[PDB]
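Trainee: coords17.pdb is the file, holding PDB, N, CA, C and O atoms:
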ATOM      1  N   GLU A   1      64.236  14.915  -8.935
ATOM      2  CA  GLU A   1      63.523  14.960 -10.242
ATOM      3  C   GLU A   1      63.426  16.409 -10.722
ATOM      4  O   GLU A   1      63.414  17.336  -9.937
ATOM      5  N   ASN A   2      63.355  16.609 -12.009
ATOM      6  CA  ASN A   2      63.258  17.993 -12.549
ATOM      7  C   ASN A   2      62.264  18.802 -11.713
ATOM      8  O   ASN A   2      61.309  18.272 -11.180
ATOM      9  N   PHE A   3      62.482  20.084 -11.593
ATOM     10  CA  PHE A   3      61.550  20.927 -10.789
ATOM     11  C   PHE A   3      60.843  21.928 -11.707
ATOM     12  O   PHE A   3      61.023  21.918 -12.909
ATOM     13  N   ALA A   4      60.036  22.791 -11.150
ATOM     14  CA  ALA A   4      59.313  23.789 -11.990
ATOM     15  C   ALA A   4      58.416  23.055 -12.987
ATOM     16  O   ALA A   4      58.447  23.314 -14.174
ATOM     17  N   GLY A   5      57.616  22.138 -12.515
ATOM     18  CA  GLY A   5      56.719  21.385 -13.436
ATOM     19  C   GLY A   5      57.330  20.013 -13.727
ATOM     20  O   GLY A   5      56.629  19.039 -13.921
ATOM     21  N   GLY A   6      58.632  19.927 -13.757
ATOM     22  CA  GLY A   6      59.288  18.616 -14.033
ATOM     23  C   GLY A   6      59.883  18.622 -15.442
ATOM     24  O   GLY A   6      60.436  19.607 -15.889
ATOM     25  N   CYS A   7      59.772  17.529 -16.146
ATOM     26  CA  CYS A   7      60.330  17.466 -17.527
ATOM     27  C   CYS A   7      59.355  18.143 -18.486
ATOM     28  O   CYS A   7      59.723  18.586 -19.556
ATOM     29  N   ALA A   8      58.116  18.212 -18.104
ATOM     30  CA  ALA A   8      57.089  18.854 -18.977
ATOM     31  C   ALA A   8      57.523  20.284 -19.320
ATOM     32  O   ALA A   8      58.688  20.618 -19.272
ATOM     33  N   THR A   9      56.591  21.132 -19.665
ATOM     34  CA  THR A   9      56.948  22.538 -20.011
ATOM     35  C   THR A   9      57.984  23.067 -19.016
ATOM     36  O   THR A   9      57.714  23.208 -17.841
ATOM     37  N   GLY A  10      59.170  23.358 -19.481
ATOM     38  CA  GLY A  10      60.225  23.878 -18.564
ATOM     39  C   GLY A  10      61.541  23.144 -18.829
ATOM     40  O   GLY A  10      62.612  23.714 -18.737
ATOM     41  N   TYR A  11      61.472  21.882 -19.150
ATOM     42  CA  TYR A  11      62.712  21.107 -19.412
ATOM     43  C   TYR A  11      62.724  20.624 -20.862
ATOM     44  O   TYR A  11      61.693  20.417 -21.469
ATOM     45  N   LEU A  12      63.888  20.427 -21.413
ATOM     46  CA  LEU A  12      63.980  19.938 -22.814
ATOM     47  C   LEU A  12      64.134  18.417 -22.787
ATOM     48  O   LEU A  12      64.385  17.831 -21.753
ATOM     49  N   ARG A  13      63.980  17.768 -23.906
ATOM     50  CA  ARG A  13      64.112  16.286 -23.913
ATOM     51  C   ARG A  13      65.577  15.891 -24.101
ATOM     52  O   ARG A  13      66.174  16.138 -25.130
ATOM     53  N   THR A  14      66.157  15.271 -23.110
ATOM     54  CA  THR A  14      67.579  14.846 -23.221
ATOM     55  C   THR A  14      67.635  13.438 -23.818
ATOM     56  O   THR A  14      66.881  12.558 -23.433
ATOM     57  N   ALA A  15      68.523  13.223 -24.760
ATOM     58  CA  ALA A  15      68.637  11.880 -25.408
ATOM     59  C   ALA A  15      69.141  10.835 -24.418
ATOM     60  O   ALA A  15      69.266   9.670 -24.740
ATOM     61  N   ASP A  16      69.402  11.231 -23.217
ATOM     62  CA  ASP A  16      69.865  10.259 -22.195
ATOM     63  C   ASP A  16      68.634   9.715 -21.474
ATOM     64  O   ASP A  16      68.722   9.137 -20.410
ATOM     65  N   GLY A  17      67.479   9.904 -22.060
ATOM     66  CA  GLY A  17      66.233   9.414 -21.442
ATOM     67  C   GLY A  17      65.905  10.262 -20.217
ATOM     68  O   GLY A  17      65.655   9.750 -19.144
ATOM     69  N   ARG A  18      65.908  11.561 -20.363
ATOM     70  CA  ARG A  18      65.599  12.432 -19.192
ATOM     71  C   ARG A  18      65.178  13.817 -19.677
ATOM     72  O   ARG A  18      64.743  13.984 -20.797
ATOM     73  N   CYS A  19      65.299  14.809 -18.840
ATOM     74  CA  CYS A  19      64.905  16.182 -19.252
ATOM     75  C   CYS A  19      65.906  17.187 -18.688
ATOM     76  O   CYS A  19      66.230  17.166 -17.517
ATOM     77  N   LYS A  20      66.403  18.063 -19.513
ATOM     78  CA  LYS A  20      67.380  19.070 -19.032
ATOM     79  C   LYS A  20      66.639  20.381 -18.738
ATOM     80  O   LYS A  20      65.450  20.474 -18.969
ATOM     81  N   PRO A  21      67.354  21.355 -18.241
ATOM     82  CA  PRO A  21      66.774  22.668 -17.920
ATOM     83  C   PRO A  21      66.642  23.506 -19.196
ATOM     84  O   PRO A  21      67.509  23.492 -20.047
ATOM     85  N   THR A  22      65.568  24.233 -19.340
ATOM     86  CA  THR A  22      65.392  25.062 -20.567
ATOM     87  C   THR A  22      66.095  26.413 -20.396
ATOM     88  O   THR A  22      65.684  27.408 -20.958
ATOM     89  N   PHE A  23      67.155  26.457 -19.631
ATOM     90  CA  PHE A  23      67.883  27.743 -19.434
ATOM     91  C   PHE A  23      66.878  28.881 -19.239
ATOM     92  O   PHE A  23      66.157  28.846 -18.256
TER      93      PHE A  23
END
Just dump the structure as structure tokens.
Mentor:
Amino acid sequence: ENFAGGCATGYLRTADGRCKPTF
């Protein structure tokens, strides 16, 4: 699962129903 907080602050919203890395 996303790390560094998860999908919340830190990841962007991916249209694939998930969260990507905020570079």
Trainee: Which residues match the PyMOL selection byres (((chain A and resi 11 and name CA) around 8) and name CA) in the file above, as a ChimeraX atom specification?
Mentor: /A:2,6-10,12-13,19-22
Trainee: What box, with edges along x, y and z, holds each listed atom of range 5-18 of chain A when 4 Å is added on every side, and can you state its centre and edge lengths in Å to one decimal, as lines of an AutoDock Vina configuration file?
Mentor:
center_x = 63.2
center_y = 16.5
center_z = -19.0
size_x = 21.3
size_y = 22.7
size_z = 20.9
Trainee: I'd like the interatomic distance between CA of residue 3 in chain A and atom N of residue 23 in chain A, to a tenth of an Å.
Mentor: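 Computing it gives 11.8 Å between the two atoms.
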Trainee: What residues in chain A get the DSSP label strand (DSSP E)? Please answer as a list in words.
Mentor: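 Taking chain A and keeping strand (DSSP E) gives residues 11, 12, 13, 14, 18, 19, 20 and 21 of chain A.
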Trainee: Grab the CA of residue 18 in chain A to atom O of residue 1 in chain A distance for me, in Å with one decimal place.
Mentor: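 If I compute the distance from CA of residue 18 in chain A to atom O of residue 1 in chain A, I get 10.7 Å.
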